[PDB]
């Protein structure tokens, strides 16, 4: 009913108010008091969001990264993703660096964070079908193991990120990097022939 002002998290960060508002509109992170003040409830909501989106540490602090990610998730361009006729469509919003999945006109996987091709390695827009799935793929070019590999376009694929996903300057080299939990879930959910619909443009690419 009312905020618990005694909590074990930091004093409210600069973006507390805007983050609270954004998370409340997402409507999946529990009780939120949109007042710009940190509370036990707001801290729990922020930590839950941070854990889900792989923000490390998940310490409840309403920092710039956490607000930026929350806004990207909230602004995911649902109306810009062309759904394929058959199977599922993996919607890859390059502009917001988010991903969701649709089947038969309904979202079956809610937006999550991704990291796509950095400057010089931009992920090619288009409609691409998954044609290779490997539990772990050895990249001959990059000399690295890529978990939960799903190739959709000439070696551009979905896979578990091998570096911290929120560092924009170290990846990707064309692939769609995913958090471990999301990559595993998508590996189980998606079929051969499902469409990866890549649209927009990653800022700075």
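Residue numbers count along the first chain shown, from 1.
Novice: Between 73-81 and 95-103, point out the one with the higher average CA B-factor as the PDB entry records it.
Specialist: Looking at the recorded C-alpha B-factors, 73-81 comes out higher on average.
Novice: Averaging the C-alpha B factors as listed in the entry, name the stretch that ends up higher: 26-34 or 59-67.
Specialist: Higher mean C-alpha B-factor: 26-34.
Novice: For the C-alpha B-factor as written in the entry, point me to the maximum among 188, 14, 194, 182.
Specialist: That would be 14, according to the entry.
Novice: Highest CA temperature factor in the entry: which of 115, 133, 129, 86?
Specialist: So the option with the highest C-alpha B-factor is 86.
Novice: What third of the chain, by the recorded C-alpha B-factor, contains residue 46?
Specialist: Residue 46: CA B-factor falls in the middle third of its chain.
Novice: Split into thirds by Cα B-factor across the chain's modelled residues, where does residue 137 land: lowest, middle or highest?
Specialist: It falls in the bottom third of the chain.
Novice: Ranked by Cα temperature factor within the chain, is residue 159 in the lowest third, the middle third or the highest third?
Specialist: Its C-alpha B-factor belongs to the lowest third of this chain's values.
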